[PDB]
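Here is how the chains run, residue by residue.
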Amino acid sequence: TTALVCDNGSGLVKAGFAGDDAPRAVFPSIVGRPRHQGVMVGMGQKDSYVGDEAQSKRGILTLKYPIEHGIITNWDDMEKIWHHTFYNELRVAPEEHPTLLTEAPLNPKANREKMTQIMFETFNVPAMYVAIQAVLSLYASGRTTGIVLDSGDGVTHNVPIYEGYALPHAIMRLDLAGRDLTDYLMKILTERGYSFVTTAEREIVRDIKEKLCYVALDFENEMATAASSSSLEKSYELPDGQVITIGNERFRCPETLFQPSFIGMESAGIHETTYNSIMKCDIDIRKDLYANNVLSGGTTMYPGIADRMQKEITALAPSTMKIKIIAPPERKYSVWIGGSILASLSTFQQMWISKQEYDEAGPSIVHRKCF
Amino acid sequence: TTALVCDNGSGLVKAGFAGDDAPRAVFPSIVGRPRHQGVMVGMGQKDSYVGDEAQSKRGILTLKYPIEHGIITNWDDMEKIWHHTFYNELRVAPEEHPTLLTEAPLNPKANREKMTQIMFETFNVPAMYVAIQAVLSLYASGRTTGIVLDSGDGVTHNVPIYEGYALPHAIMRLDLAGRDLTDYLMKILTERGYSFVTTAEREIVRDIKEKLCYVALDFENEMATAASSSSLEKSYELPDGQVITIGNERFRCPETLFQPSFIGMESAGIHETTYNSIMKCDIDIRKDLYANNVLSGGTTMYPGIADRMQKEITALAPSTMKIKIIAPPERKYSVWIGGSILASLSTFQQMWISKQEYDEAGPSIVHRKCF
Amino acid sequence: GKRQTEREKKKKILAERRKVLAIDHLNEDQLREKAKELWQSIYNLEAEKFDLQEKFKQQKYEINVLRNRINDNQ
Amino acid sequence: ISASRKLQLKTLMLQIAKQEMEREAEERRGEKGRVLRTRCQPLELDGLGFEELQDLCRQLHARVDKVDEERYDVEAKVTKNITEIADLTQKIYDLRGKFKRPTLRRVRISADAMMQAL
Amino acid sequence: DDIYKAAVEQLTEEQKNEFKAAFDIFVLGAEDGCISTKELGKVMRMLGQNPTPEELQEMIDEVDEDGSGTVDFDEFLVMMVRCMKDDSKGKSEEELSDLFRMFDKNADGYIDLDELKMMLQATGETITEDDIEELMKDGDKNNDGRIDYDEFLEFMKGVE
Ligand SMILES: Nc1ncnc2c1ncn2[C@@H]1O[C@H](COP(=O)(O)OP(=O)(O)O)[C@@H](O)[C@H]1O
Ligand SMILES: Nc1ncnc2c1ncn2[C@@H]1O[C@H](COP(=O)(O)OP(=O)(O)O)[C@@H](O)[C@H]1O
Ligand SMILES: [Mg+2]
Ligand SMILES: [Mg+2]
């Protein structure tokens, strides 16, 4: 039979059968209970709208993501999300399909063990396998080397790989991602008068960020230009009218990636953690990693980031090496495409964690040889 | 058995069995004791004529409404009105019929508790339920969202509802209604020479208001036109002859709705309390409320109000949203039609306040789960 | 639960259903008739479970249709 | 748009559909019998020895165990499908209630009955 | 259909009261007793019964193939007594659902004009110009190429 390539993610759940080009169903991972009282009788009001249904009734819900930073903080809601994904968005019972979840690097063990225990006890799948979210993104590019920066919505991690041999001592995981950029944008919009507070209006700020923000090639020059002319002010229409005008908030929101001091984080930007991740590698594979830098994940879709990052790394790196940044147009679904490719391989067909194996060793089987 | 859908109202009591199209008996709610001495013996003169009987002998009575502004100020008279409604206008003993009263929003608790205590002790009904007068008017329109402006004769209230979930923090109740318009019309008629003082002549002024007054599309232009031409002066024949001619009093009486400063009230008109009630709602359901504005209640029957209100709201609202005002021809009985529909539902059949429940918790049961 | 409770129910079902296996103690006729009758019973069970598969497939298709219907509401 | 001709056309289509569905169900029953004969092979014991019955009862116990376990699983599936059917029936019924139930009532139940006696 | 005799022998007093009332209103003298449907429609409209008025007019323009211009007792009398719902049991939901499932071999939840034509070939009914468009009216209540079992249910509900 065919395998189910699910990809929990944090912000958008992407799923679909193995062997295709794009995920079949992509929908936000939010579960929102209603918060008001409700007076109409017999309206058929449910107790929790999940997935894309709660992005249409969000006016009277309190949306809450069940995955904070890669890790899962609310297991009941995550189980509800998985149940919805299997039964309503794909309509395939899990009793007859292997599953291939994905997990960020350096995550707590208990999260992974609970994930496998749920998949084997509640949904009762035949066999499931957990894979690191960066190796798949490297599969999708058709490479076999390269250092991949997978800046998702929950957590940004940077896994270097050479000739198929991952370097476990050079993984640099940073917890700045799309959600923190949404919060920072929502916080700097208040400098013009627009106040978004409700958890429903966070979605509106996210839409503003997606449609308007861009990464500046040079930060100081843009700050000077936006403060003199008015060629940058782009307007946007809220879900009820009252258009708003975003000035130099456009390139200040995604600039947080390269200067995490804006949101008070100490660490260095995504332009310098990649160079540090390279320098921890051996001295003889640094040229190949320099030449095959891969971008993935949703948050790396800002217009103009593949040039800013290249300029920064070229500034840091030695002058002789060639710096090349691979930015495929299908960046958002790169991890899932790689997952489909991996699940479609014949050599991989014996790596699944078969159910009888789980019955013999318990949920701690995932840390064992079947990784 | 069938349920009795009574609707106390303030000015007209509307009642009838559940499941029909129109109330069976509609009659003014006035109780008038005779005031003169009376010399004929054996004429069979009663001590209080209630309902529609006191609108024919009103020449020698002192009519007094038992409901001032939604609240009930004279419980003995209200009990008399209910007794008349049950026994003479419907001729069904209440011992064998559930009842569904209606109550304005934000009313004093003691009023509701006394109402249920009367219905359970004096009339001894099997089960009664109290419902908010705006949710029913939303039932009758066949919608499930929308913000309903129910401008009755006692009190005007504006309850917004979305997807069946009422928003309790956005109810704007204003105490200007048909009765204050009658008093203001009776007060401005004195500018031509016609003086109505007696409580019986208030009914004549009410008839004048119903038959002649209309809401102007633009107030200043109408004031200028009525002051130059004479195309507006419509005449009306009193109950004894001596026709009267109403000039620009025609559109000045119902204009008080949009400018409550005429009768000295501070608050804003019904055109601006609706917009304020909308703006208190969440940012994502404002479009639906804009598109589904519902009118109900008697006082919204003035010829030309559904255009004036739409013009005013379109002036206030953002230019992109579409403003639509639902004004069904059966406006007056909209609340009662909705009450019939609600009482005819199967899902609602277990929400009644059964008598044994009242015996166990006292009259304060109404504020509890059985709302 | 949902993994051993159902296991326990099916185990008890097998225990009460699988009767005593003891053959060579009696005359061939009674045991032959018992075996033939139980084979016919399990044949009827096969027919019933096949019809259950067909009917459950049809109801799954109806569930898909009603999912399409509830999707048509938006 | 004709009326009598279209009514006859639609009722004839209904009758033909019903008869074809009956014949199709008969074909389904025939194929069911065919499958029953094929898979659960006929077992003839016309004058055979004891060891034949021993082997037959051993295979009987094995097949009974496996088929009862399989039908236990299939019955669990059928119970889940019944739960889904009931839930979706409630969903569609509530949809129909929202669409049309308020429009269902006894209009003019007595208003037209009482006309001029007042 | 020719159920005129069945209707004339099956009806009860409840509607025959109004039938005889309209009969006496219509036939009172200097008339042949054929009773034209034209005046009968007006009389029934006045009397307060609740049929659909336009369908009767369309039938009058269509029914009575003999083309006399005044429909005789049977057909227009049946259309008049159609105020009472003396229907053919309204079929059954489960049977029609099974019919739709049998037709929905495509397993997509809808039956399109192709399957309709195949069914018409199976029954051997005359090719009618209302086809395809009739599906658009009844089956395509959303104009999407999708028809669930309820559109077909109401397509010929209680058809007779
Ligand atoms: N076109 C875009 N432009 C800018 N940011 C985007 C765009 N699309 C998505 N994002 C950001 O990326 C996030 C989605 O990232 P995604 O790759 O789905 O995370 P995950 O790894 O959990 O799947 C969104 O929250 C959004 O903030
Ligand atoms: N046709 C009409 N035109 C103008 N005003 C009307 C009309 N009918 C009723 N009214 C006003 O509405 C009042 C009746 O309102 P109603 O809806 O009966 O109040 P309630 O909510 O108490 O039932 C009357 O007092 C009258 O002033
Ligand atoms: Mg990701
Ligand atoms: Mg009212």
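Residues numbered from 1 in each chain as written, not as in the entry; some residues may be left out. Chains lettered and ligands numbered in written order. Part of a larger assembly, values for the part shown. Heavy atoms only, no water.

- What the entry reports as its method is cryo-EM, with 5.2 Å given for the resolution.

- As annotated in the PDB entry, chain E carries the name Troponin C, slow skeletal and cardiac muscles and comes from Mus musculus.
- UniProt lists a comment for chain E under the heading Function, and it reads "Troponin is the central regulatory protein of striated muscle contraction. Tn consists of three components: Tn-I which is the inhibitor of actomyosin ATPase, Tn-T which contains the binding site for tropomyosin and Tn-C. The binding of calcium to Tn-C abolishes the inhibitory action of Tn on actin filaments."
- Taken from UniProt, the Sequence similarities comment for chain E reads in full: "Belongs to the troponin C family." (UniProt positions renumbered as here; feature names shortened; annotations may be inferred.)

- Under the PDB entry, the name given to chain D is Troponin I, cardiac muscle, and the source organism is Mus musculus.
- Turning to chain D, the UniProt annotation filed under Function states: "Troponin I is the inhibitory subunit of troponin, the thin filament regulatory complex which confers calcium-sensitivity to striated muscle actomyosin ATPase activity."
- Looking at chain D in UniProt, the text filed under Subunit is "Interacts with TRIM63 (By similarity). Binds to actin and tropomyosin. Interacts with STK4/MST1 (By similarity)."

## Quick notes on the packing of helix α1 (residues 75-90) of chain A against helix α2 (residues 109-121) of chain A
Residue and element names in this part refer to chain A.
Phase 1: Where α1 meets α2, the axes come as close as 12 Å, and the angle between the chain directions of the two elements is 45°. With respect to α2, the axis of α1 lies oblique. Both α1 and α2 take part in a crossing whose hand is right-handed. From α1, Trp75, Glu79, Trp82 and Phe86 reach across to α2, where they touch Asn111, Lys114, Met115, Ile118 and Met119.
Phase 2: A per-class count over the contact of α1 with α2 returns 6 nonpolar, 1 polar and 2 charged. (Axes fitted to C-alpha atoms, helices over the stretch in contact; angles between N-to-C directions. Helix = DSSP H or I, 4+ residues; strand = E, 2+ residues; numbered from the N terminus. Parallel < 35°, antiparallel > 145°, perpendicular 65-115°, else oblique. Left-handed = near helix turned anticlockwise from the far one by under 90°. Contact = heavy atoms within 4.5 Å. Nonpolar A, V, L, I, M, F, W, Y, C, P; charged D, E, K, R; others polar.)

## Some words on the sheet that holds strand β5 (residues 61-64) of chain B
One key point about sheets: their strands pair by backbone hydrogen bonds, in either a parallel or an antiparallel sense.
Residues and elements named next belong to chain B.
Phase 1: The 3 strands are arranged β4-β3-β5 in an open sheet whose pairing can be described as antiparallel. Looking at which strands have only one partner, the edges of the open sheet turn out to be β4 (49-50) and β5.
Phase 2: Of the pairings in the sheet, the one linking strand β3 (residues 31-34) to β4 comprises 2 bridges and is antiparallel in character. Its bridge partner being in β4, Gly32 is matched across the sheet by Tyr49.
Phase 3: Along the sheet, helix α1 (residues 75-90) contacts β3 and β4; its crossing angle with β3, the most-contacted strand, is approximately 105°. (Pairing = 2+ DSSP bridges.)

## Observations concerning the UniProt feature "binding site: Ca(2+) 2" in chain E
Residues and elements named next belong to chain E.
Phase 1: UniProt feature "binding site: Ca(2+) 2": in the numbering of this structure it lies at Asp104, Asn106, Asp108, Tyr110 and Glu115.
Phase 2: Looking at where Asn106 falls in the secondary structure, it is placed in the loop between α6 (93-103) and α7 (113-123).
Phase 3: Reaching out from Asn106, the side chain makes a polar contact with the side chain of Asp108 at a distance of 3.1 Å.
Phase 4: Relative to the helices and strands, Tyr110 is located in the loop between α6 and α7. (Polar contact = N/O pair within 3.5 Å; in protein donor to acceptor, adjacent residues only side chain to side chain.)

## Let's talk about unusual backbone geometry
Note: most residues except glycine have negative phi, and most peptide bonds are trans.
All names here are of chain E.
Phase 1: Positive phi outside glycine occurs at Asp64, with the angle close to 60°.
Phase 2: Examined against the element boundaries, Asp64 turns out to sit in the loop between α4 (53-62) and α5 (73-81).
Phase 3: On the basis of relative accessible area, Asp64 is assigned to the buried category, the value being 11%.
Phase 4: Unusually for a residue other than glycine, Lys91 sits at a positive phi of about 60°.
Phase 5: The exposure class assigned to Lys91 is partly exposed, which follows from its relative accessible area of 22%. (Buried < 20%, exposed > 50% of the residue type's maximum accessible area, 1.4 Å probe, protein only.)

## Here we look at the site of ligand 2
Residue and element names in this part refer to chain B.
Phase 1: Around ligand 2, the surrounding shell holds 15 residues, and the nearest of these are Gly9, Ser10, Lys14, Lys209 and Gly298.
Phase 2: Contacts to ligand 2 include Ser10, whose backbone N or O atom sits 2.3 Å from an oxygen atom.
Phase 3: The separation between an oxygen atom of ligand 2 and a polar main-chain atom of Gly298 is 2.9 Å.
Phase 4: Protein chains bury 91% of the 570 Å² of accessible surface belonging to ligand 2 in isolation.
Phase 5: The leading source of residues in the shell around ligand 2 is helix α5 (residues 201-212), at 3 residues.
Phase 6: When grouped by side-chain class, the residues that make up the shell around ligand 2 number 3 nonpolar, 6 polar and 6 charged. (Near = heavy atom within 4 Å. Areas by Shrake-Rupley, 256 points an atom, 1.4 Å probe, with all protein chains shown as cover.)

## Some remarks on helix α5 (residues 201-212) of chain A
Phase 1: Helix length check: α5(A), at 12 residues, gives a terminal C-alpha distance of 16 Å against a target of 16 Å (1.5 Å per residue), a fit within 8%.
Phase 2: Taken as a whole, α5(A) has its buried residues at A:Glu201, A:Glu203, A:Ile204, A:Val205, A:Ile208, A:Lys209 and A:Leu212. (Expected span 1.5 Å × (residues − 1).)

## Describing the interface of chain C and chain D
In many reports, interface size means the accessible area that the parts give up when they come together.
Phase 1: Counting from both sides, the interface comprises 38 residues of chain C and, opposite them, 40 residues of chain D.
Phase 2: On inspection of chain C and its partner chain D, the count reaches 4 salt bridges.
Phase 3: When the shortest N-O distance is used, the salt bridge between D:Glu52 and C:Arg32 registers 2.5 Å.
Phase 4: At the boundary of chain C and chain D, one finds 12 residue pairs in polar contact.
Phase 5: Those elements that provide at least two residues to the side of chain C that touches chain D are α1 (5-17) and α2 (28-72) of chain C.
Phase 6: When residues of the side of chain C that touches chain D are assigned to their parent elements, the largest contribution, 27 residues, is made by α2(C). (Salt bridge = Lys/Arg side-chain N within 4 Å of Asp/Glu carboxyl O.)

## Overview of the side chain of A:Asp77
Residue and element names in this part refer to chain A.
Phase 1: In this fold, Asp77 is placed in helix α1.
Phase 2: Looking at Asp77, its side chain comes within polar contact range of the side chain of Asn74, at 2.5 Å.
Phase 3: In this structure, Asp77 is in contact with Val31, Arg33 and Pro66, ignoring residues within four places of it in sequence.

## Describing the UniProt feature "binding site: Ca(2+) 1" in chain E
All names here are of chain E.
Phase 1: Following the UniProt record, the feature "binding site: Ca(2+) 1" maps to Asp64, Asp66, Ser68, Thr70 and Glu75 here.
Phase 2: By the secondary structure assignment, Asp66 is in the loop between α4 and α5.
Phase 3: With respect to the helices and strands, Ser68 occurs in the loop between α4 and α5.

## A word on the environment of E:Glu94
Phase 1: Take E:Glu94: it is sitting in helix α6.
Phase 2: Separated by 78 residues in sequence, E:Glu94 and E:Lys16 have C-alpha atoms that sit 35 Å apart.

## Observations concerning the arrangement of the chains
Phase 1: Take the 7 pairs of chains in contact: the one carrying the most contacts is chains C and D.
Phase 2: When C-alpha atoms are compared, chain B and chain C, though not in contact, are closest at a spacing of 13 Å.
Phase 3: Between chain A and chain E there is no contact, and the shortest C-alpha to C-alpha separation is 13 Å.

## Let's talk about a nonpolar patch on the surface
Phase 1: Taken together, A:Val135, A:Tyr139, A:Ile341 and A:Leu345 make up a surface patch of nonpolar side chains, about 280 Å² in accessible area.
Phase 2: Tracing the backbone shows A:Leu345 in the loop between α11 (334-343) and β16 (353-354). (Patch = residues over 30% accessible without salt bridge, like charges linked within 9 Å, V, L, I, M, F, W, Y side chains within 5 Å.)

## Here we look at a positive patch on the surface
Phase 1: A cluster of basic side chains, namely D:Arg96, D:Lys100, E:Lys141 and E:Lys157, defines a positive patch on the protein surface.
Phase 2: Locating D:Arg96 in the fold gives a position in helix α2 (residues 50-100). (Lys, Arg positive; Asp, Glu negative; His and termini not counted. Charge placed at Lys NZ, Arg CZ, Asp CG, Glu CD.)

## A look at the site of ligand 1
Residue and element names in this part refer to chain A.
Phase 1: Taken together, 15 residues lie near ligand 1, and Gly9, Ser10, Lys14, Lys209 and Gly298 sit nearest.
Phase 2: Between an oxygen atom of ligand 1 and a side-chain N or O atom of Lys209, the distance comes to 2.3 Å.
Phase 3: Within the side chain of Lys332, one N or O atom sits 3.2 Å away from a nitrogen atom of ligand 1.
Phase 4: Class assignment of the residues belonging to the shell around ligand 1 gives a composition of 3 nonpolar, 6 polar and 6 charged.
Phase 5: Residue contributions to the shell around ligand 1 reach at least three from each of two domains, namely domain 1 (4-137 + 333-360) and domain 2 (178-256). (Domains from an automatic or database assignment.)

## Observations concerning a negative patch on the surface
Phase 1: There is a patch of like negative charges on the surface, built from E:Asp1, E:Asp2, E:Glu31, E:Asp32, E:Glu39, E:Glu65, E:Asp66, E:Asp72, E:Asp74, E:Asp87 and E:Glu160.
Phase 2: You can see E:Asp32 is positioned in the loop between α2 (13-26) and α3 (37-47).

## Regarding the sheet that holds strand β4 (residues 49-50) of chain A
Residue and element names in this part refer to chain A.
Phase 1: Strand order in the open sheet formed by 3 strands is β4-β3-β5, with antiparallel pairing between adjacent strands. Pairing within the sheet leaves two strands with one partner each, and these edge strands are β4 and β5 (61-64).
Phase 2: Taken strand by strand, α1 contacts β3 (31-34) and β4, and its axis lies near 105° from that of β3.

## A few points about the pattern of salt bridges
All names here are of chain A.
Phase 1: Applying the stated criterion across every chain yields a total of 58 salt bridges over all chains.
Phase 2: Where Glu53 meets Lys46, a salt bridge forms, and the shortest distance between an N and an O atom there is 3.3 Å.
Phase 3: Note on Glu53: relative accessible area 34%, which makes it partly exposed.
Phase 4: What makes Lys46 partly exposed here is its relative accessible area of 35%.
Phase 5: We note a salt bridge from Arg308 to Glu312, for which the minimum N-O separation is 2.8 Å.

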